[PDB]
Amino acid sequence: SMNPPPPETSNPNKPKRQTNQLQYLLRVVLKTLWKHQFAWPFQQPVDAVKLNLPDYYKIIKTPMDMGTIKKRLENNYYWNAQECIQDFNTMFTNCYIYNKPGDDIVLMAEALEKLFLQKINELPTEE
Ligand SMILES: CC(=O)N1C=CS[C@H](c2cccs2)CC1
């Protein structure tokens, strides 16, 4: 079973902002998770063909990954920080839904989520 089209990262009909909170989500949150040793499974959409996971997109109907989030941040796709924070939480939740407890990938997501939570605890006040 094929891969679906990726989540959109560009939509000229969609109103956009560049807020200090969104700048923090790129410069601090995304950057911190992206450079982590466990980032690599999350740096692009799940490739169900290459990974031989024909049921992945039968189970996961709202896919999200840090490659998509990175493009959305660099492209100023978002209106507010909460949209981006939701994308990160979707990515983690999908991993916990699809995979079994204790799997390596779940430990990887948990380590990235710990750092995510630490960083968004210091999300700056909106200017
Ligand atoms: C991110 C995710 O939920 N995937 C689903 C199944 S397998 C793959 C890996 C397992 C261990 C290292 S990568 C990552 C893609």
# chains A, B, ... in the order shown; residues from 1 in each chain; ligands from 1

call {"tool": "residues_near_ligand", "arguments": {"ligand": "ligand 1", "cutoff": "10 Å", "atoms": "only C-alpha atoms and all ligand atoms", "output": "VMD selection string"}}
result
chain A and resid 38 to 48 50 to 53 55 to 56 60 63 to 65 91 to 100 103 to 109

call {"tool": "select_by_dssp", "arguments": {"residues": "chain A", "states": "helix (DSSP H, G or I)", "output": "compact mmCIF listing (two decimals) with N, CA and C atoms, in the first residue's frame"}}
result
# COMPACT_ATOMS: atom_id res chain seq x y z
N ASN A 20 6.60 36.22 17.74
CA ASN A 20 7.78 35.83 18.51
C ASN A 20 7.65 34.41 19.06
N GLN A 21 6.42 33.97 19.38
CA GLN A 21 6.24 32.59 19.82
C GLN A 21 6.55 31.61 18.70
N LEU A 22 6.10 31.90 17.48
CA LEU A 22 6.43 31.02 16.37
C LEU A 22 7.92 31.05 16.06
N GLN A 23 8.57 32.20 16.23
CA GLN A 23 10.02 32.24 16.05
C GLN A 23 10.72 31.35 17.08
N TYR A 24 10.19 31.33 18.31
CA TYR A 24 10.72 30.46 19.35
C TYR A 24 10.50 28.99 19.01
N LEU A 25 9.33 28.66 18.46
CA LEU A 25 9.08 27.28 18.06
C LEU A 25 10.08 26.81 17.01
N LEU A 26 10.55 27.70 16.14
CA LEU A 26 11.55 27.29 15.16
C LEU A 26 12.95 27.30 15.76
N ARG A 27 13.33 28.42 16.38
CA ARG A 27 14.72 28.65 16.77
C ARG A 27 15.12 27.80 17.97
N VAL A 28 14.17 27.52 18.85
CA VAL A 28 14.43 26.75 20.07
C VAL A 28 13.83 25.35 19.97
N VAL A 29 12.51 25.24 19.78
CA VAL A 29 11.87 23.94 19.94
C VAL A 29 12.26 23.00 18.80
N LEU A 30 12.00 23.40 17.55
CA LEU A 30 12.32 22.53 16.42
C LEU A 30 13.82 22.24 16.36
N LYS A 31 14.64 23.28 16.50
CA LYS A 31 16.10 23.11 16.43
C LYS A 31 16.59 22.10 17.47
N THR A 32 16.08 22.19 18.70
CA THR A 32 16.51 21.28 19.76
C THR A 32 16.15 19.84 19.42
N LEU A 33 14.93 19.61 18.96
CA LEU A 33 14.54 18.23 18.69
C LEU A 33 15.23 17.71 17.44
N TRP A 34 15.44 18.57 16.44
CA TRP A 34 15.98 18.15 15.15
C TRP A 34 17.40 17.61 15.28
N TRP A 40 16.02 11.16 13.85
CA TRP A 40 15.97 10.74 12.45
C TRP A 40 14.67 10.06 12.02
N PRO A 41 14.00 9.20 12.82
CA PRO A 41 12.75 8.62 12.32
C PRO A 41 11.63 9.64 12.14
N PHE A 42 11.79 10.84 12.70
CA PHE A 42 10.75 11.85 12.71
C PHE A 42 11.05 13.02 11.80
N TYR A 56 0.21 1.30 8.08
CA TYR A 56 0.47 2.52 8.84
C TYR A 56 -0.62 3.56 8.60
N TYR A 57 -0.93 3.83 7.34
CA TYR A 57 -1.89 4.86 7.00
C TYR A 57 -3.32 4.34 6.99
N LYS A 58 -3.52 3.05 7.27
CA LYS A 58 -4.84 2.56 7.65
C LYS A 58 -5.16 2.96 9.08
N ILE A 59 -4.15 3.06 9.93
CA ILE A 59 -4.31 3.36 11.35
C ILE A 59 -4.16 4.84 11.64
N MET A 66 8.43 16.03 11.84
CA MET A 66 9.20 17.26 11.99
C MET A 66 9.68 17.85 10.67
N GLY A 67 9.81 17.05 9.62
CA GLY A 67 10.12 17.64 8.33
C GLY A 67 9.00 18.56 7.87
N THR A 68 7.76 18.10 8.02
CA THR A 68 6.61 18.94 7.72
C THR A 68 6.57 20.17 8.61
N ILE A 69 6.77 19.98 9.92
CA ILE A 69 6.75 21.12 10.84
C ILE A 69 7.85 22.12 10.48
N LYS A 70 9.04 21.61 10.15
CA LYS A 70 10.14 22.49 9.77
C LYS A 70 9.78 23.32 8.54
N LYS A 71 9.20 22.69 7.53
CA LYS A 71 8.79 23.44 6.35
C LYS A 71 7.70 24.45 6.69
N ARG A 72 6.74 24.05 7.53
CA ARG A 72 5.67 24.97 7.91
C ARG A 72 6.24 26.18 8.64
N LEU A 73 7.19 25.98 9.55
CA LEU A 73 7.79 27.10 10.25
C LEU A 73 8.62 27.97 9.30
N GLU A 74 9.44 27.34 8.45
CA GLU A 74 10.28 28.13 7.55
C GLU A 74 9.45 28.87 6.51
N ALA A 81 0.93 29.93 17.56
CA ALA A 81 1.82 28.92 18.14
C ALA A 81 1.07 27.64 18.42
N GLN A 82 -0.19 27.75 18.81
CA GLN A 82 -0.98 26.58 19.18
C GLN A 82 -1.12 25.61 18.01
N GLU A 83 -1.22 26.12 16.77
CA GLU A 83 -1.26 25.24 15.61
C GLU A 83 -0.01 24.38 15.51
N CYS A 84 1.15 25.00 15.72
CA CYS A 84 2.42 24.29 15.65
C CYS A 84 2.57 23.29 16.79
N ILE A 85 2.25 23.73 18.01
CA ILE A 85 2.28 22.84 19.17
C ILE A 85 1.39 21.64 18.93
N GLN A 86 0.22 21.85 18.32
CA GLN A 86 -0.66 20.73 17.99
C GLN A 86 0.02 19.76 17.02
N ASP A 87 0.75 20.28 16.03
CA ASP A 87 1.46 19.41 15.09
C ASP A 87 2.47 18.52 15.81
N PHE A 88 3.27 19.08 16.72
CA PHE A 88 4.19 18.26 17.50
C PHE A 88 3.44 17.19 18.28
N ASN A 89 2.37 17.57 18.96
CA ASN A 89 1.64 16.59 19.76
C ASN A 89 0.99 15.52 18.89
N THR A 90 0.53 15.88 17.69
CA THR A 90 0.03 14.88 16.75
C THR A 90 1.13 13.89 16.39
N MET A 91 2.34 14.39 16.12
CA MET A 91 3.45 13.50 15.78
C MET A 91 3.72 12.50 16.90
N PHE A 92 3.78 12.98 18.15
CA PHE A 92 4.06 12.06 19.25
C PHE A 92 2.92 11.07 19.41
N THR A 93 1.68 11.56 19.40
CA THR A 93 0.52 10.70 19.60
C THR A 93 0.44 9.61 18.54
N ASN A 94 0.67 9.96 17.27
CA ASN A 94 0.67 8.94 16.23
C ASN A 94 1.65 7.82 16.54
N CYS A 95 2.84 8.19 17.02
CA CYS A 95 3.85 7.18 17.32
C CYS A 95 3.39 6.25 18.42
N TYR A 96 2.79 6.81 19.47
CA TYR A 96 2.31 5.98 20.57
C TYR A 96 1.12 5.11 20.15
N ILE A 97 0.27 5.63 19.26
CA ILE A 97 -0.87 4.86 18.76
C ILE A 97 -0.39 3.68 17.92
N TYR A 98 0.46 3.94 16.93
CA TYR A 98 0.79 2.89 15.98
C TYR A 98 1.67 1.81 16.60
N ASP A 104 11.55 0.58 20.61
CA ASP A 104 12.61 1.57 20.50
C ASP A 104 12.06 2.92 20.06
N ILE A 105 11.19 2.92 19.05
CA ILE A 105 10.67 4.18 18.50
C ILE A 105 9.86 4.92 19.55
N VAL A 106 9.21 4.20 20.47
CA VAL A 106 8.45 4.87 21.52
C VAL A 106 9.39 5.52 22.53
N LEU A 107 10.49 4.84 22.87
CA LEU A 107 11.51 5.47 23.72
C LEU A 107 12.11 6.70 23.05
N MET A 108 12.29 6.65 21.74
CA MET A 108 12.81 7.80 21.01
C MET A 108 11.84 8.97 21.07
N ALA A 109 10.56 8.71 20.79
CA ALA A 109 9.56 9.77 20.89
C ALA A 109 9.49 10.33 22.30
N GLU A 110 9.58 9.47 23.32
CA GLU A 110 9.47 9.94 24.70
C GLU A 110 10.62 10.88 25.04
N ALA A 111 11.82 10.57 24.55
CA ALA A 111 12.95 11.46 24.81
C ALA A 111 12.77 12.81 24.11
N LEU A 112 12.28 12.79 22.87
CA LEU A 112 12.03 14.05 22.17
C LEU A 112 10.89 14.82 22.83
N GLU A 113 9.85 14.11 23.27
CA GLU A 113 8.72 14.78 23.90
C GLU A 113 9.13 15.42 25.22
N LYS A 114 10.02 14.77 25.97
CA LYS A 114 10.50 15.37 27.22
C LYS A 114 11.12 16.73 26.95
N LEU A 115 11.97 16.82 25.93
CA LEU A 115 12.61 18.08 25.58
C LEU A 115 11.59 19.08 25.06
N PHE A 116 10.66 18.62 24.22
CA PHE A 116 9.57 19.47 23.76
C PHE A 116 8.84 20.12 24.93
N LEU A 117 8.47 19.32 25.94
CA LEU A 117 7.74 19.85 27.09
C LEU A 117 8.59 20.86 27.86
N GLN A 118 9.87 20.56 28.04
CA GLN A 118 10.75 21.52 28.71
C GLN A 118 10.79 22.84 27.97
N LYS A 119 10.88 22.79 26.64
CA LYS A 119 10.98 24.04 25.88
C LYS A 119 9.66 24.79 25.86
N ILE A 120 8.52 24.11 25.68
CA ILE A 120 7.30 24.90 25.58
C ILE A 120 6.85 25.39 26.95

call {"tool": "closest_residue", "arguments": {"among": "A:6, A:19, A:14, A:1", "to": "residue 124 in chain A", "atoms": "only C-alpha atoms"}}
result
A:19

call {"tool": "atom_distance", "arguments": {"atom1": "CA of residue 127 in chain A", "atom2": "CA of residue 78 in chain A"}}
result
16.4 Å

call {"tool": "atom_distance", "arguments": {"atom1": "CA of residue 12 in chain A", "atom2": "CA of residue 77 in chain A"}}
result
8.9 Å

call {"tool": "atom_distance", "arguments": {"atom1": "CA of residue 123 in chain A", "atom2": "CA of residue 61 in chain A"}}
result
28.7 Å

call {"tool": "decode", "arguments": {"residues": "range 13-57 of chain A", "atoms": "N, CA and C atoms", "output": "PDB file, in the first residue's frame"}}
result
ATOM      1  N   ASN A  13      -4.031  30.570   0.265  1.00  0.00           N
ATOM      2  CA  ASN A  13      -5.317  30.993   0.821  1.00  0.00           C
ATOM      3  C   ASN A  13      -5.288  31.110   2.343  1.00  0.00           C
ATOM      4  N   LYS A  14      -4.261  30.588   3.005  1.00  0.00           N
ATOM      5  CA  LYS A  14      -4.275  30.490   4.457  1.00  0.00           C
ATOM      6  C   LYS A  14      -3.591  31.709   5.059  1.00  0.00           C
ATOM      7  N   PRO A  15      -4.262  32.491   5.910  1.00  0.00           N
ATOM      8  CA  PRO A  15      -3.599  33.652   6.519  1.00  0.00           C
ATOM      9  C   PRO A  15      -2.454  33.225   7.424  1.00  0.00           C
ATOM     10  N   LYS A  16      -1.413  34.059   7.452  1.00  0.00           N
ATOM     11  CA  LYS A  16      -0.116  33.731   8.038  1.00  0.00           C
ATOM     12  C   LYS A  16       0.325  34.827   8.992  1.00  0.00           C
ATOM     13  N   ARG A  17       1.135  34.450   9.992  1.00  0.00           N
ATOM     14  CA  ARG A  17       1.835  35.419  10.830  1.00  0.00           C
ATOM     15  C   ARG A  17       3.249  34.939  11.138  1.00  0.00           C
ATOM     16  N   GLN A  18       4.102  35.888  11.514  1.00  0.00           N
ATOM     17  CA  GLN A  18       5.415  35.595  12.091  1.00  0.00           C
ATOM     18  C   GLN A  18       5.462  36.269  13.459  1.00  0.00           C
ATOM     19  N   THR A  19       5.124  35.510  14.496  1.00  0.00           N
ATOM     20  CA  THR A  19       5.078  35.991  15.868  1.00  0.00           C
ATOM     21  C   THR A  19       6.327  35.545  16.620  1.00  0.00           C
ATOM     22  N   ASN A  20       6.604  36.219  17.740  1.00  0.00           N
ATOM     23  CA  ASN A  20       7.780  35.834  18.513  1.00  0.00           C
ATOM     24  C   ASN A  20       7.647  34.413  19.059  1.00  0.00           C
ATOM     25  N   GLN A  21       6.423  33.972  19.375  1.00  0.00           N
ATOM     26  CA  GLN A  21       6.235  32.590  19.818  1.00  0.00           C
ATOM     27  C   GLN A  21       6.548  31.607  18.699  1.00  0.00           C
ATOM     28  N   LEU A  22       6.102  31.904  17.477  1.00  0.00           N
ATOM     29  CA  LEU A  22       6.431  31.021  16.366  1.00  0.00           C
ATOM     30  C   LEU A  22       7.922  31.050  16.061  1.00  0.00           C
ATOM     31  N   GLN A  23       8.575  32.203  16.230  1.00  0.00           N
ATOM     32  CA  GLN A  23      10.021  32.242  16.050  1.00  0.00           C
ATOM     33  C   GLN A  23      10.715  31.355  17.078  1.00  0.00           C
ATOM     34  N   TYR A  24      10.192  31.333  18.307  1.00  0.00           N
ATOM     35  CA  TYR A  24      10.724  30.457  19.351  1.00  0.00           C
ATOM     36  C   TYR A  24      10.501  28.989  19.008  1.00  0.00           C
ATOM     37  N   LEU A  25       9.331  28.660  18.463  1.00  0.00           N
ATOM     38  CA  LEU A  25       9.080  27.283  18.059  1.00  0.00           C
ATOM     39  C   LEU A  25      10.082  26.812  17.013  1.00  0.00           C
ATOM     40  N   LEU A  26      10.552  27.701  16.138  1.00  0.00           N
ATOM     41  CA  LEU A  26      11.551  27.287  15.158  1.00  0.00           C
ATOM     42  C   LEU A  26      12.954  27.304  15.758  1.00  0.00           C
ATOM     43  N   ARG A  27      13.330  28.421  16.385  1.00  0.00           N
ATOM     44  CA  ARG A  27      14.719  28.645  16.771  1.00  0.00           C
ATOM     45  C   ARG A  27      15.118  27.800  17.969  1.00  0.00           C
ATOM     46  N   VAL A  28      14.173  27.519  18.854  1.00  0.00           N
ATOM     47  CA  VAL A  28      14.426  26.752  20.071  1.00  0.00           C
ATOM     48  C   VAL A  28      13.830  25.347  19.973  1.00  0.00           C
ATOM     49  N   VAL A  29      12.515  25.242  19.783  1.00  0.00           N
ATOM     50  CA  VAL A  29      11.869  23.939  19.936  1.00  0.00           C
ATOM     51  C   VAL A  29      12.265  22.999  18.801  1.00  0.00           C
ATOM     52  N   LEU A  30      12.004  23.400  17.551  1.00  0.00           N
ATOM     53  CA  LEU A  30      12.324  22.531  16.420  1.00  0.00           C
ATOM     54  C   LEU A  30      13.815  22.236  16.362  1.00  0.00           C
ATOM     55  N   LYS A  31      14.644  23.278  16.497  1.00  0.00           N
ATOM     56  CA  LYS A  31      16.096  23.109  16.429  1.00  0.00           C
ATOM     57  C   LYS A  31      16.594  22.105  17.466  1.00  0.00           C
ATOM     58  N   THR A  32      16.080  22.192  18.698  1.00  0.00           N
ATOM     59  CA  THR A  32      16.507  21.282  19.762  1.00  0.00           C
ATOM     60  C   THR A  32      16.155  19.839  19.425  1.00  0.00           C
ATOM     61  N   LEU A  33      14.931  19.608  18.959  1.00  0.00           N
ATOM     62  CA  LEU A  33      14.544  18.234  18.687  1.00  0.00           C
ATOM     63  C   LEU A  33      15.231  17.705  17.436  1.00  0.00           C
ATOM     64  N   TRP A  34      15.445  18.574  16.444  1.00  0.00           N
ATOM     65  CA  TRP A  34      15.983  18.148  15.154  1.00  0.00           C
ATOM     66  C   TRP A  34      17.401  17.608  15.277  1.00  0.00           C
ATOM     67  N   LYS A  35      18.207  18.209  16.156  1.00  0.00           N
ATOM     68  CA  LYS A  35      19.606  17.831  16.301  1.00  0.00           C
ATOM     69  C   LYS A  35      19.809  16.627  17.205  1.00  0.00           C
ATOM     70  N   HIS A  36      18.760  16.166  17.871  1.00  0.00           N
ATOM     71  CA  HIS A  36      18.852  15.052  18.803  1.00  0.00           C
ATOM     72  C   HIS A  36      19.213  13.748  18.088  1.00  0.00           C
ATOM     73  N   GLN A  37      19.940  12.871  18.794  1.00  0.00           N
ATOM     74  CA  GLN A  37      20.316  11.592  18.197  1.00  0.00           C
ATOM     75  C   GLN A  37      19.109  10.727  17.844  1.00  0.00           C
ATOM     76  N   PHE A  38      17.947  10.964  18.457  1.00  0.00           N
ATOM     77  CA  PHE A  38      16.758  10.174  18.155  1.00  0.00           C
ATOM     78  C   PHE A  38      15.833  10.853  17.151  1.00  0.00           C
ATOM     79  N   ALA A  39      16.267  11.955  16.526  1.00  0.00           N
ATOM     80  CA  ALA A  39      15.376  12.706  15.641  1.00  0.00           C
ATOM     81  C   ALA A  39      15.089  11.984  14.333  1.00  0.00           C
ATOM     82  N   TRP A  40      16.021  11.155  13.853  1.00  0.00           N
ATOM     83  CA  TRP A  40      15.970  10.744  12.449  1.00  0.00           C
ATOM     84  C   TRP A  40      14.673  10.056  12.019  1.00  0.00           C
ATOM     85  N   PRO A  41      14.004   9.205  12.817  1.00  0.00           N
ATOM     86  CA  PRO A  41      12.746   8.620  12.320  1.00  0.00           C
ATOM     87  C   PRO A  41      11.634   9.636  12.141  1.00  0.00           C
ATOM     88  N   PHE A  42      11.788  10.836  12.696  1.00  0.00           N
ATOM     89  CA  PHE A  42      10.751  11.851  12.713  1.00  0.00           C
ATOM     90  C   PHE A  42      11.053  13.022  11.797  1.00  0.00           C
ATOM     91  N   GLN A  43      12.133  12.962  11.018  1.00  0.00           N
ATOM     92  CA  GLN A  43      12.550  14.112  10.221  1.00  0.00           C
ATOM     93  C   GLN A  43      11.883  14.183   8.851  1.00  0.00           C
ATOM     94  N   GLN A  44      10.954  13.282   8.562  1.00  0.00           N
ATOM     95  CA  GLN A  44      10.253  13.225   7.285  1.00  0.00           C
ATOM     96  C   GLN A  44       8.998  12.399   7.490  1.00  0.00           C
ATOM     97  N   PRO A  45       8.025  12.494   6.584  1.00  0.00           N
ATOM     98  CA  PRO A  45       6.826  11.659   6.718  1.00  0.00           C
ATOM     99  C   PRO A  45       7.191  10.188   6.787  1.00  0.00           C
ATOM    100  N   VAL A  46       6.377   9.428   7.522  1.00  0.00           N
ATOM    101  CA  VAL A  46       6.571   7.982   7.587  1.00  0.00           C
ATOM    102  C   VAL A  46       6.463   7.409   6.182  1.00  0.00           C
ATOM    103  N   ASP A  47       7.523   6.739   5.733  1.00  0.00           N
ATOM    104  CA  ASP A  47       7.545   6.101   4.417  1.00  0.00           C
ATOM    105  C   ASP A  47       7.128   4.650   4.601  1.00  0.00           C
ATOM    106  N   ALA A  48       5.826   4.393   4.423  1.00  0.00           N
ATOM    107  CA  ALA A  48       5.285   3.068   4.685  1.00  0.00           C
ATOM    108  C   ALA A  48       5.721   2.045   3.651  1.00  0.00           C
ATOM    109  N   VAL A  49       6.130   2.492   2.464  1.00  0.00           N
ATOM    110  CA  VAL A  49       6.680   1.570   1.471  1.00  0.00           C
ATOM    111  C   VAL A  49       8.076   1.121   1.882  1.00  0.00           C
ATOM    112  N   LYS A  50       8.959   2.078   2.129  1.00  0.00           N
ATOM    113  CA  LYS A  50      10.338   1.740   2.445  1.00  0.00           C
ATOM    114  C   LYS A  50      10.442   0.993   3.771  1.00  0.00           C
ATOM    115  N   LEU A  51       9.618   1.349   4.751  1.00  0.00           N
ATOM    116  CA  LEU A  51       9.642   0.690   6.044  1.00  0.00           C
ATOM    117  C   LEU A  51       8.778  -0.564   6.090  1.00  0.00           C
ATOM    118  N   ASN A  52       8.106  -0.907   4.992  1.00  0.00           N
ATOM    119  CA  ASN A  52       7.247  -2.093   4.913  1.00  0.00           C
ATOM    120  C   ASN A  52       6.201  -2.104   6.031  1.00  0.00           C
ATOM    121  N   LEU A  53       5.434  -1.018   6.094  1.00  0.00           N
ATOM    122  CA  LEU A  53       4.350  -0.853   7.064  1.00  0.00           C
ATOM    123  C   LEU A  53       3.052  -0.613   6.303  1.00  0.00           C
ATOM    124  N   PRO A  54       2.517  -1.630   5.626  1.00  0.00           N
ATOM    125  CA  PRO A  54       1.349  -1.378   4.772  1.00  0.00           C
ATOM    126  C   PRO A  54       0.109  -0.962   5.532  1.00  0.00           C
ATOM    127  N   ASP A  55       0.053  -1.166   6.847  1.00  0.00           N
ATOM    128  CA  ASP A  55      -1.098  -0.749   7.628  1.00  0.00           C
ATOM    129  C   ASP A  55      -0.935   0.620   8.270  1.00  0.00           C
ATOM    130  N   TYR A  56       0.206   1.297   8.079  1.00  0.00           N
ATOM    131  CA  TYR A  56       0.465   2.520   8.843  1.00  0.00           C
ATOM    132  C   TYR A  56      -0.619   3.562   8.603  1.00  0.00           C
ATOM    133  N   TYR A  57      -0.926   3.826   7.337  1.00  0.00           N
ATOM    134  CA  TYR A  57      -1.887   4.859   6.997  1.00  0.00           C
ATOM    135  C   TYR A  57      -3.322   4.343   6.988  1.00  0.00           C
TER     136      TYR A  57
END
